[PDB]
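Engineer: One structure coming up, written as structure tokens, with questions to follow.
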Amino acid sequence: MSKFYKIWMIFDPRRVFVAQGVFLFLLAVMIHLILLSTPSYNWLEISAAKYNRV
Amino acid sequence: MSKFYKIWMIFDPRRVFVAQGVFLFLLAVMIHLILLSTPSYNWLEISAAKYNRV
Amino acid sequence: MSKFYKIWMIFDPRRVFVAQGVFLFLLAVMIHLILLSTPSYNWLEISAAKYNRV
Amino acid sequence: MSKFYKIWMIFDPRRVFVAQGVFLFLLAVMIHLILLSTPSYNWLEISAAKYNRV
Amino acid sequence: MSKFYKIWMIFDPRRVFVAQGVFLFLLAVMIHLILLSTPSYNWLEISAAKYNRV
Amino acid sequence: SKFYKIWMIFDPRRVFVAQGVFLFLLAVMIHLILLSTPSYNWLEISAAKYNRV
Amino acid sequence: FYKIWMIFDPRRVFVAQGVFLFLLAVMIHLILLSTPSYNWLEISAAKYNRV
Amino acid sequence: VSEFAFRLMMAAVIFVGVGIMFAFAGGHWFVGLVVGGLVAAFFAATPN
Amino acid sequence: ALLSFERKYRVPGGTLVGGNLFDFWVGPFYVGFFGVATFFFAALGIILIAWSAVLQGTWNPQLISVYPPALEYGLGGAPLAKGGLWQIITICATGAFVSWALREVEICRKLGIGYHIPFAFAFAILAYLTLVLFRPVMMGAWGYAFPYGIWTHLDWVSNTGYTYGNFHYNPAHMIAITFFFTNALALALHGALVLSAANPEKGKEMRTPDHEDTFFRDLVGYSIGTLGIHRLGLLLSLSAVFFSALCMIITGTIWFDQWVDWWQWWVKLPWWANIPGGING
Amino acid sequence: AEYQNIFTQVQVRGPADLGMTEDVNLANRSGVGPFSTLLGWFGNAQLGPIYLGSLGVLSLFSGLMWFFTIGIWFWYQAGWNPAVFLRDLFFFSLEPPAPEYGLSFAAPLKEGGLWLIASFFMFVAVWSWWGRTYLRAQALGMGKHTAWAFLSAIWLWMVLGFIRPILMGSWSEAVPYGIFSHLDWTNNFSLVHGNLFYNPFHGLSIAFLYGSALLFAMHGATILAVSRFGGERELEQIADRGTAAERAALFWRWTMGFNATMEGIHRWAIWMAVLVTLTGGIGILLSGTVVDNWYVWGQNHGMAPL
Amino acid sequence: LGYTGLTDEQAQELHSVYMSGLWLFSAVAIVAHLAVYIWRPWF
Amino acid sequence: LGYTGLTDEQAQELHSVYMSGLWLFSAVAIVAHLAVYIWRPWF
Amino acid sequence: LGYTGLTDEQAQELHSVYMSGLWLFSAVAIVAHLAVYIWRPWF
Amino acid sequence: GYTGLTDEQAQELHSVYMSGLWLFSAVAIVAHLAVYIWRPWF
Amino acid sequence: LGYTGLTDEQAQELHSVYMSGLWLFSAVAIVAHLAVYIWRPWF
Amino acid sequence: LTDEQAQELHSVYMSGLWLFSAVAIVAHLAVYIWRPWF
Amino acid sequence: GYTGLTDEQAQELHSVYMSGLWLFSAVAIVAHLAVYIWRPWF
Ligand code: BCL
Ligand code: BCL
Ligand SMILES: CC[C@H]1c2cc3[nH]c4c(c3C)C(=O)[C@H](C(=O)OC)c4c3nc(cc4[nH]c(cc(n2)[C@@H]1C)c(C(C)=O)c4C)[C@@H](C)[C@@H]3CCC(=O)OC/C=C(\C)CCC[C@H](C)CCC[C@H](C)CCCC(C)C
Ligand SMILES: CC[C@H]1c2cc3[nH]c4c(c3C)C(=O)[C@H](C(=O)OC)c4c3nc(cc4[nH]c(cc(n2)[C@@H]1C)c(C(C)=O)c4C)[C@@H](C)[C@@H]3CCC(=O)OC/C=C(\C)CCC[C@H](C)CCC[C@H](C)CCCC(C)C
Ligand SMILES: COC1=C(OC)C(=O)C(C/C=C(\C)CC/C=C(\C)CC/C=C(\C)CC/C=C(/C)CC/C=C(\C)CC/C=C(\C)CC/C=C(\C)CC/C=C(\C)CC/C=C(\C)CCC=C(C)C)=C(C)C1=O
Ligand SMILES: COC(C)(C)C/C=C/C(C)=C/C=C/C(C)=C/C=C/C(C)=C/C=C/C=C(C)/C=C/C=C(\C)CC/C=C(\C)CCC=C(C)C
Ligand SMILES: COC(C)(C)C/C=C/C(C)=C/C=C/C(C)=C/C=C/C(C)=C/C=C/C=C(C)/C=C/C=C(\C)CC/C=C(\C)CCC=C(C)C
Ligand SMILES: COC(C)(C)C/C=C/C(C)=C/C=C/C(C)=C/C=C/C(C)=C/C=C/C=C(C)/C=C/C=C(\C)CC/C=C(\C)CCC=C(C)C
Ligand SMILES: COC(C)(C)C/C=C/C(C)=C/C=C/C(C)=C/C=C/C(C)=C/C=C/C=C(C)/C=C/C=C(\C)CC/C=C(\C)CCC=C(C)C
Ligand SMILES: COC(C)(C)C/C=C/C(C)=C/C=C/C(C)=C/C=C/C(C)=C/C=C\C=C(C)\C=C\C=C(/C)CC/C=C(\C)CCC=C(C)C
Ligand SMILES: CCCCCCCCCCCCO[C@@H]1O[C@H](CO)[C@@H](O[C@H]2O[C@H](CO)[C@@H](O)[C@H](O)[C@H]2O)[C@H](O)[C@H]1O
């Protein structure tokens, strides 16, 4: 556990950081869009219905 | 949280600044477009309805 | 923020200036287009109907 | 049995680590999408059914 | 019988290992798909029917 | 015997690779043919035997 | 017949013979399994009433 | 006839044969075609 | 008249037929045996097209058409007014194209160069014969060929393409179109790259094949090399024409229905044929 | 047999070429990738380095967003089923909003707003990539020919997706992001506007596409036919004309009556290629906005019997 | 030292003139936005 | 480490001014978010 | 090993800062998940 | 050693990779147990 | 025999380790098959 | 392709051919016993 | 030996191949025996 420093002795910090940032952003946007797809989790839709905006 | 500065020694300032600017611009445009997409949040059409515009 | 100047020592000034000019033009035309598309803020038709021209 | 340490004498961690990462992420996303496919395990819709959100 | 090990002299350990891994994972996927295909052994369907989920 | 001359000419590596590919293809052929036959679809044999479907 | 291994390349001859024999065997086996008179699976299925 | 040319003709014929075999065995022409193309490509790419 | 470097190449030899009977140049043109043949066939074809124009009653160049015989004549003859002029002009056109290719072969031999050009031209000739000989004969009627008019042959194209639904679903058509489009893209890239290397920014030194390799590696991370790009261009064009002639040799001979239904075989694969959801589920 | 120089019969490998540097910023440059023997049988087997500047990374990010947005919508259409996603992959479509929305951005996300977002992504990506090609020409001091040749196809693309929908007053006119959806868009575009065959600029675009194929067959065959004289080295044949350039010129001089040079044939090539998309964009722009029935137009302008 | 081969004093002057331009452009923008929002508000 | 080799004082000032700008941006964004939620909340 | 040129001390400090960032990100994600689950649970 | 790794560093790499593998496996076991409690699939 | 440059002892140790891995894989497979047959026999 | 080499290769090939043919002949006889085709 | 293998090498390779083939043959014979016992196909 307290030994993960040895992964960066071989991997490039720049490549790892840029790849992980891109992957995290893609995962986040995919999940946000997934939630926006399901009407039970579309917060804009839910707020529109609760406050009678339609 | 007092040691991040040395990333500027592993990341080229020009590259990271351009990446951040592009990312922020694209994200802001996407969110503004999503807000325009939802009929409960499109401010142009909201003000058209509230002020009784065509 | 009184030390924002030295960013000119990181990025080429010509690069920044031409990029920001292109960005300003694109954003301005995009906003104008959004406003023209919406019936509420399409000023030409507003002046056509309001002055009873159509 | 616990003598597989020579496998990295046969395979570089360079290719092995990236292959493991992409493979595990692909399996995770594949199985999560499989679960989202079957109505009996789509957790968002099952939570909607339990909480009467439709 | 004991003279099997010399195949490692004949064959590349790296290429053999890659081929075995890809072949084994593809075979496992194919068999799991085959089991999923029949409603007899689609364990998700059996579990849902048994627990009255659909 | 006298067949070891077959190893004096052909490269063992390609022979073994072709043998492995051919054996996997033949085994897949036989298993797929058996599952093609309703009388030997062991999955359906058990499904009827244990009253599943 | 002795000169066959000389004019014809032995690698080509062996590969062609093996591939042709394998293909012909599977072709004749498919022909048998197609007809209902030498399809052993169907014949045994009708014999033991297992189908 | 180069080694590559003989390997190419052999790849074509073995592709046809195994495609026929796996089309009858696999329940569709697509499975046989895929298996034949895969094996023939793996055969023709490898030199002698 | 000759180019400033031409004279050392204007030597006898290389002619397949004749050898001194028709070994000369009219202006820049090399006249051979096949030069005579191709001139005769082309002149006859042009004069007969004009004659068919006066028989048609039009002098608009875009309205002149020379139709093949009707479907009733099958693969037989026809009166000149009905479909015979089209058959003669097809004879003349085939002769002219073949003679042109063989004249190019003679020119290649006289210049000591490869025969890539006449071969690549034979590909176009065989596409033409696929449209006017192979497909009609495999179908059984010369009326399945196209007329010799600027806009009426597009009418032939449209009617044939809609006899089988939307022709975009022919898969040989798809690969031929991909080849055509990537060939145009490759031509644009090649012309642009060579012109950029030969013509630098402004008043500075000409660039090198290494420089253009560098540009395309800095652009798309790859370069195919100056021999490879010409190989690729020839291959793309020839394969585009090949799969064009392929898409029109299986159409109306092997497949007869709307080509879109072809793509059903993939969506009815038994494993996922009957899954609910999706476009076709 | 006689060798035709279509495949290299012998391959040779040496040091990794990192390329030149006129004004190139070495920092953005990548490192040489692997070597492809299979692809080396046809050309340079080396891969990389790849330059990644500021417009380059902008283009990569925007294109990633566009392709990924289309992919997520395709997954949504699949019911999140991987088997459906691999079954209906061609039949998917991120369609534009229906005509009643016009040019408005007030369309539901499921009803064409997502198409607007993906279209913004692709617009930004392609324009930044054009800037990228221009800048990469600029760094090496080369001419901007590739940038303008790209601008031709960019204009056809802009007409199809941006300019014509604006002129027609609805995003419904634009091309969907699907495999057969855009094929169907093409066929339906022809049917709605009455036989696009009679569009003169469609005819010109086809003339130049056929001409591109003819011209590249001719040029490739010519260069391979004189590759025995070092015809491949076109730049040196421009700088120092050899027997390859003279034989190539004389072949077409004696065949056609006129010929090109080792440099001007590439002018022919670039113009033949870019006229395709130039005339195509003009023709698509005129369709609907100016002419709604091309066959009737043809009748009125010759081109067709009355 | 840096990347663009510039000093700090010229950077200060360039920053000053660019900030003057930015403030002028943003002020004209503010005046225009006020005029439009008075003409036709969007809230 | 030291791919750029920037002196630690330079990296310190760069990070400090970058975080100054980031905090400014996040503060403006927070203000705008509060205004939007008050005008028309989504919660 | 040691492909990338980083040494032990550099690897240790890099890992320390990256793990500090990972824990910060994880804590923000945990509190956001708790807030969302309170607003609308999925279990 | 086809990457230039000695016995000691190969052993150390395997030990740390196995520690990571066991950490991932423990997290997965907890996740599978929790899911099977929430919704068993047998 | 050759074709790879290995020695006798290297081949022996590589094969023994690989066989240890194969036997572990097959033992897990046997356990899984027995569990599946218990839960639902296919014979 | 020396005459001795080719002759020995021919001898081995004929021996293998005879072995395979005898196995096939036994199979053919067993098949005919199982069901006659003529 | 034109493939590089000598008579001792050829004998070793041939013997190993035969022993592996016969082990596969024993496994296949057991498998077919079990399948026939479960249900005859003749
Ligand atoms: C009721 C009828 C019988 C029956 C009727 C017959 C008849 C009649 C025959 C067989 C024969 C065979 N049967 Mg039976 N058979 C039945 C149904 C089956 C079923 C099944 C699924 O039910 C299977 C799996 C088999 C299997 C077999 C094989 C063991 C055998 C064919 C060998 C062969 O094809 O070699 C060919 C393959 C190779 C030689 C592989 C090598 C070629 C490779 C692929 C390419 C060459 C490359 C390589 C480097 C070359 C080196 C070597 C070269 C040769 C030089 N049978 C039923 C039970 N069967 C045949 C036989 O007995 O042969 C002795 C035969 O005549
Ligand atoms: C039934 C259908 C109609 C028809 C309907 C149309 C319509 C509609 C159009 C054409 C167009 C054309 N038609 Mg038509 N056409 C018909 C019949 C034909 C026939 C024939 C023999 O029958 C031929 C040869 C053609 C040929 C042509 C071309 C000359 C022209 C396409 C140019 C091109 O290459 O764009 C291909 C290139 C692009 C579209 C631009 C691509 C470049 C940009 C920058 C893409 C960026 C790529 C991105 C960044 C990443 C890509 C993704 C990754 C690769 C994954 N048509 C019939 C009559 N045709 C087009 C045209 O312009 O003509 C007026 C057009 O819009
Ligand atoms: C195979 C790949 C591509 C290709 C290659 C190619 N074309 C070639 C060559 C090559 C390598 C030559 O060497 C040769 C040449 O000399 O080029 C300048 C040629 C050539 N390709 C030509 C045209 C051409 N190529 C086309 C296509 C293609 N050519 C392919 C896409 C097309 C299309 C798509 O429409 C055309 C129109 C010529 C410029 C030339 C051959 C000239 C020739 O045949 O000379 C002898 C004949 C004449 C000068 C006139 C003959 C007239 C007829 C007797 C009467 C008319 C008959 C015709 C049927 C009328 C039809 C009219 C209607 C259809 C409108
Ligand atoms: C003259 C007209 C013809 C033409 C010309 C033409 N096309 C061009 C050009 C030119 C002159 C270019 O300079 C430009 C180019 O770069 O060519 C290589 C281009 C180009 N034409 C292209 C395609 C194209 N051209 C077409 C057509 C045509 N192009 C016409 C026939 C078509 C058709 C027929 O539809 C297509 C599909 C591209 C190859 C390229 C423009 C590329 C571009 O702008 O890319 C932007 C990126 C995206 C929008 C999506 C990127 C998708 C990636 C998966 C993102 C992720 C990448 C990943 C992170 C990489 C990781 C790498 C590391 C592991 C190292
Ligand atoms: C790098 O390398 C390269 C080059 O360069 C180094 C090149 O350049 C090229 C070539 C490329 C280009 C030049 C680019 C432009 C090319 C194109 C756009 C491609 C398409 C081209 C054309 C459409 C051009 C025209 C083509 C044709 C087919 C016209 C040909 C002309 C004739 C039909 C005349 C033929 C004459 C013959 C055979 C002689 C016959 C003689 C007799 C029977 C006896 C004598 C007769 C007479 C006296 C009659 C009168 C005189 C004659 C013969 C002619 C004049 C009169 C007429 C009536 C016509 C390439 C590819 C290249 O890669
Ligand atoms: C459809 O399927 C769904 C999406 C529904 C379900 C599927 C879900 C899946 C498959 C999810 C997968 C999730 C995974 C694998 C998540 C992994 C997350 C990780 C590992 C996140 C780690 C993040 C680390 C971060 C954010 C670290 C950031 C660090 C900084 C911001 C500090 C910057 C670094 C510095 C300063 C280094 C300084 C040191 C030196 C030497 C310069
Ligand atoms: C589809 O998904 C939806 C849209 C629905 C929801 C998804 C939302 C997601 C995934 C959102 C993700 C948001 C993220 C990750 C936001 C991250 C924002 C960050 C990290 C912003 C950082 C900004 C930093 C800024 C703005 C810094 C600015 C600094 C300056 C302007 C000053 C620069 C000048 C300097 C530093 C001087 C330097 C000079 C010398 C000489 C060193
Ligand atoms: C279509 O037909 C259906 C699907 C219906 C049925 C047909 C199924 C068929 C045809 C199935 C075929 C199955 C086969 C052929 C399965 C074969 C499986 C085998 C033999 C797998 C062997 C696996 C061996 C493994 C995974 C070994 C792994 C080794 C390790 C994990 C240890 C690491 C190795 C090292 C360190 C090498 C030692 C090197 C040094 C220097 C010490
Ligand atoms: C429709 O009807 C159908 C087609 C289904 C019926 C037709 C069926 C047919 C055509 C069946 C044909 C069957 C045939 C011809 C089968 C032949 C099988 C053979 C030859 C199997 C041989 C197996 C030999 C093996 C598996 C040897 C393995 C060796 C080892 C495990 C030891 C490893 C050591 C090696 C490889 C080299 C050692 C290294 C040194 C240096 C000595
Ligand atoms: C597993 O899969 C994942 C999810 C990982 C990724 C896979 C993604 C997939 C499968 C993607 C599939 C993509 C496909 C098939 C795309 C097809 C695209 C096609 C055929 C496009 C054809 C024509 C498109 C055109 C002509 C688009 C033109 C667009 C423009 C000219 C720009 C439009 C700009 C507009 C509308 C205005 C933008 C400005 C604002 C303010 C919105
Ligand atoms: C060149 C490579 C590809 C080769 C393609 C050659 C053309 C097709 C060759 C195979 C033709 C026969 O192949 C066989 O046909 C039968 C027709 O009922 C189909 O088989 C289908 O019906 C049969 C009964 O008839 C069922 O037992 C089977 O479950 C079902 O899939 C399949 O298509 C295939 O198992």
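Residues in the structure tokens are named by chain (A, B, ... in the order shown) and by number from 1 within that chain; ligands are numbered from 1 in the order shown.
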Distance limit 7 Å, reference ligand 10, atoms considered: only C-alpha atoms and all ligand atoms. Which residues make the cut? Give them as a VMD selection string.

Structural biologist: (chain C and resid 30) or (chain J and resid 67 to 68 70 to 72 74 to 75 89 to 90 116 to 117 119 to 120 122 to 123 157 to 162 175 to 179 182)

Engineer: Just to be explicit: take each residue in the selection above, keep N, CA and C atoms, and write the result as a PDB file, in the first residue's frame.

Structural biologist:
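Generated output (result21.pdb):
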```pdb
ATOM      1  N   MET C  30     -21.125  34.370 -32.858  1.00  0.00           N
ATOM      2  CA  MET C  30     -21.971  33.300 -32.347  1.00  0.00           C
ATOM      3  C   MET C  30     -23.107  33.851 -31.497  1.00  0.00           C
TER       4      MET C  30
ATOM      5  N   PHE J  67     -16.432  13.218 -31.268  1.00  0.00           N
ATOM      6  CA  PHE J  67     -16.571  11.781 -31.473  1.00  0.00           C
ATOM      7  C   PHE J  67     -17.171  11.109 -30.247  1.00  0.00           C
ATOM      8  N   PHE J  68     -16.755  11.532 -29.054  1.00  0.00           N
ATOM      9  CA  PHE J  68     -17.267  10.933 -27.830  1.00  0.00           C
ATOM     10  C   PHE J  68     -18.732  11.276 -27.610  1.00  0.00           C
ATOM     11  N   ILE J  70     -20.965  11.832 -30.002  1.00  0.00           N
ATOM     12  CA  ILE J  70     -21.685  10.938 -30.902  1.00  0.00           C
ATOM     13  C   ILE J  70     -21.736   9.533 -30.318  1.00  0.00           C
ATOM     14  N   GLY J  71     -20.637   9.084 -29.712  1.00  0.00           N
ATOM     15  CA  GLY J  71     -20.612   7.745 -29.149  1.00  0.00           C
ATOM     16  C   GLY J  71     -21.571   7.569 -27.991  1.00  0.00           C
ATOM     17  N   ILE J  72     -21.643   8.565 -27.110  1.00  0.00           N
ATOM     18  CA  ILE J  72     -22.555   8.491 -25.975  1.00  0.00           C
ATOM     19  C   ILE J  72     -23.997   8.485 -26.456  1.00  0.00           C
ATOM     20  N   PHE J  74     -24.999   7.356 -29.300  1.00  0.00           N
ATOM     21  CA  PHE J  74     -25.194   6.040 -29.891  1.00  0.00           C
ATOM     22  C   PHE J  74     -25.454   4.992 -28.821  1.00  0.00           C
ATOM     23  N   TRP J  75     -24.731   5.072 -27.703  1.00  0.00           N
ATOM     24  CA  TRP J  75     -24.992   4.170 -26.585  1.00  0.00           C
ATOM     25  C   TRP J  75     -26.395   4.372 -26.036  1.00  0.00           C
ATOM     26  N   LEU J  89     -24.844  -0.266 -35.005  1.00  0.00           N
ATOM     27  CA  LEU J  89     -23.843   0.796 -35.025  1.00  0.00           C
ATOM     28  C   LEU J  89     -23.959   1.657 -36.277  1.00  0.00           C
ATOM     29  N   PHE J  90     -24.140   1.029 -37.440  1.00  0.00           N
ATOM     30  CA  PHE J  90     -24.301   1.791 -38.675  1.00  0.00           C
ATOM     31  C   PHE J  90     -25.620   2.549 -38.688  1.00  0.00           C
ATOM     32  N   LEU J 116     -26.392  19.910 -31.917  1.00  0.00           N
ATOM     33  CA  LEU J 116     -25.775  21.233 -31.898  1.00  0.00           C
ATOM     34  C   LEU J 116     -24.459  21.219 -31.135  1.00  0.00           C
ATOM     35  N   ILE J 117     -24.424  20.536 -29.991  1.00  0.00           N
ATOM     36  CA  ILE J 117     -23.205  20.495 -29.186  1.00  0.00           C
ATOM     37  C   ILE J 117     -22.086  19.782 -29.942  1.00  0.00           C
ATOM     38  N   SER J 119     -21.833  19.342 -33.121  1.00  0.00           N
ATOM     39  CA  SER J 119     -21.466  20.147 -34.274  1.00  0.00           C
ATOM     40  C   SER J 119     -20.534  21.279 -33.879  1.00  0.00           C
ATOM     41  N   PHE J 120     -20.777  21.907 -32.731  1.00  0.00           N
ATOM     42  CA  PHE J 120     -19.832  22.904 -32.241  1.00  0.00           C
ATOM     43  C   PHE J 120     -18.459  22.285 -32.028  1.00  0.00           C
ATOM     44  N   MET J 122     -17.092  19.643 -33.479  1.00  0.00           N
ATOM     45  CA  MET J 122     -16.426  19.321 -34.738  1.00  0.00           C
ATOM     46  C   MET J 122     -16.013  20.579 -35.482  1.00  0.00           C
ATOM     47  N   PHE J 123     -16.839  21.621 -35.431  1.00  0.00           N
ATOM     48  CA  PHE J 123     -16.470  22.893 -36.035  1.00  0.00           C
ATOM     49  C   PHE J 123     -15.160  23.407 -35.457  1.00  0.00           C
ATOM     50  N   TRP J 157     -17.461  21.053 -46.454  1.00  0.00           N
ATOM     51  CA  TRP J 157     -17.972  20.613 -45.160  1.00  0.00           C
ATOM     52  C   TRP J 157     -18.824  21.694 -44.495  1.00  0.00           C
ATOM     53  N   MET J 158     -18.368  22.945 -44.543  1.00  0.00           N
ATOM     54  CA  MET J 158     -19.109  24.051 -43.946  1.00  0.00           C
ATOM     55  C   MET J 158     -20.420  24.298 -44.672  1.00  0.00           C
ATOM     56  N   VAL J 159     -20.422  24.165 -45.995  1.00  0.00           N
ATOM     57  CA  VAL J 159     -21.672  24.298 -46.733  1.00  0.00           C
ATOM     58  C   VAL J 159     -22.644  23.205 -46.321  1.00  0.00           C
ATOM     59  N   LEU J 160     -22.166  21.964 -46.235  1.00  0.00           N
ATOM     60  CA  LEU J 160     -23.060  20.865 -45.894  1.00  0.00           C
ATOM     61  C   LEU J 160     -23.640  21.025 -44.496  1.00  0.00           C
ATOM     62  N   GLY J 161     -22.821  21.434 -43.534  1.00  0.00           N
ATOM     63  CA  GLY J 161     -23.272  21.422 -42.160  1.00  0.00           C
ATOM     64  C   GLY J 161     -23.645  22.759 -41.558  1.00  0.00           C
ATOM     65  N   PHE J 162     -23.050  23.847 -42.034  1.00  0.00           N
ATOM     66  CA  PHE J 162     -23.255  25.144 -41.401  1.00  0.00           C
ATOM     67  C   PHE J 162     -23.917  26.162 -42.318  1.00  0.00           C
ATOM     68  N   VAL J 175     -26.540  17.535 -42.331  1.00  0.00           N
ATOM     69  CA  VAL J 175     -26.295  16.098 -42.433  1.00  0.00           C
ATOM     70  C   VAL J 175     -26.262  15.503 -41.029  1.00  0.00           C
ATOM     71  N   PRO J 176     -26.888  14.354 -40.801  1.00  0.00           N
ATOM     72  CA  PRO J 176     -26.799  13.699 -39.494  1.00  0.00           C
ATOM     73  C   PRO J 176     -25.434  13.055 -39.292  1.00  0.00           C
ATOM     74  N   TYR J 177     -25.154  12.693 -38.039  1.00  0.00           N
ATOM     75  CA  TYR J 177     -23.915  11.999 -37.691  1.00  0.00           C
ATOM     76  C   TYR J 177     -24.195  10.505 -37.572  1.00  0.00           C
ATOM     77  N   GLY J 178     -24.468   9.882 -38.703  1.00  0.00           N
ATOM     78  CA  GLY J 178     -24.671   8.445 -38.741  1.00  0.00           C
ATOM     79  C   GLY J 178     -24.048   7.882 -39.992  1.00  0.00           C
ATOM     80  N   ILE J 179     -23.884   6.561 -40.020  1.00  0.00           N
ATOM     81  CA  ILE J 179     -23.267   5.936 -41.185  1.00  0.00           C
ATOM     82  C   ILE J 179     -24.240   5.908 -42.352  1.00  0.00           C
ATOM     83  N   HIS J 182     -26.320   9.464 -43.053  1.00  0.00           N
ATOM     84  CA  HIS J 182     -25.809  10.467 -43.972  1.00  0.00           C
ATOM     85  C   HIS J 182     -25.831   9.983 -45.416  1.00  0.00           C
TER      86      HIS J 182
END
```

Engineer: Matching each Cα of chain B to its counterpart in chain C by order, what RMSD results from the least-squares fit?

Structural biologist: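 The C-alpha RMSD comes to 0.5 Å.
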
Engineer: Might you pull out every residue within 12 Å of residue 163 in chain I, with only C-alpha atoms counted and same-chain residues fewer than 5 positions away left off, and present them as a compact mmCIF listing (two decimals) with N, CA, C and O atoms, in the first residue's frame?

Structural biologist:
```txt
# COMPACT_ATOMS: atom_id res chain seq x y z
N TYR I 144 -29.32 -2.48 -72.04
CA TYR I 144 -28.89 -2.23 -70.67
C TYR I 144 -27.62 -1.39 -70.61
O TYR I 144 -27.12 -1.14 -69.51
N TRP I 156 -29.31 7.30 -67.84
CA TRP I 156 -29.02 5.88 -67.70
C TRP I 156 -28.52 5.56 -66.30
O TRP I 156 -28.98 4.61 -65.66
N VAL I 157 -27.58 6.36 -65.80
CA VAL I 157 -27.02 6.11 -64.47
C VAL I 157 -28.12 6.17 -63.41
O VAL I 157 -28.21 5.29 -62.55
N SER I 158 -28.96 7.20 -63.47
CA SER I 158 -29.99 7.36 -62.44
C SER I 158 -31.01 6.24 -62.50
O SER I 158 -31.38 5.68 -61.46
N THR I 251 -24.42 -6.25 -59.79
CA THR I 251 -25.71 -5.59 -59.69
C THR I 251 -26.57 -5.96 -60.88
O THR I 251 -26.19 -5.72 -62.03
N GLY I 252 -27.74 -6.52 -60.60
CA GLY I 252 -28.62 -7.01 -61.64
C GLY I 252 -28.23 -8.35 -62.21
O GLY I 252 -28.80 -8.77 -63.22
N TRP I 255 -27.46 -9.76 -57.22
CA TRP I 255 -28.43 -9.12 -56.35
C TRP I 255 -29.46 -8.40 -57.21
O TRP I 255 -29.10 -7.71 -58.16
N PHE I 256 -30.74 -8.58 -56.88
CA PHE I 256 -31.82 -8.01 -57.68
C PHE I 256 -32.75 -7.11 -56.91
O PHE I 256 -33.53 -6.37 -57.53
N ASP I 257 -32.72 -7.14 -55.59
CA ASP I 257 -33.66 -6.38 -54.77
C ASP I 257 -33.02 -5.07 -54.33
O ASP I 257 -31.94 -4.69 -54.80
N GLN I 258 -33.68 -4.36 -53.43
CA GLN I 258 -33.09 -3.16 -52.86
C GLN I 258 -31.85 -3.52 -52.05
O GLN I 258 -31.90 -4.37 -51.17
N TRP I 259 -30.74 -2.85 -52.36
CA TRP I 259 -29.47 -3.20 -51.74
C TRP I 259 -29.47 -2.98 -50.23
O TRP I 259 -28.67 -3.62 -49.53
```

Engineer: For chain L, which residues have at least one atom within 9 Å of chain C, if we go by only C-alpha atoms? Write them as a tab-separated table (two decimals) with N, CA and C atoms, in the first residue's frame, please.

Structural biologist:
```tsv
chain	number	residue	atom	x	y	z
L	14	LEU	N	5.18	31.43	-10.12
L	14	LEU	CA	4.24	31.01	-11.15
L	14	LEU	C	3.01	30.37	-10.54
L	17	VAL	N	0.82	33.10	-8.64
L	17	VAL	CA	0.00	33.96	-9.49
L	17	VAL	C	-1.07	33.15	-10.22
L	18	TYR	N	-0.74	31.91	-10.61
L	18	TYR	CA	-1.74	31.04	-11.22
L	18	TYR	C	-2.89	30.76	-10.25
L	20	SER	N	-3.70	32.69	-7.76
L	20	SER	CA	-4.42	33.96	-7.63
L	20	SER	C	-5.49	34.08	-8.70
L	21	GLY	N	-5.11	33.82	-9.95
L	21	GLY	CA	-6.07	33.85	-11.04
L	21	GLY	C	-7.16	32.80	-10.90
```
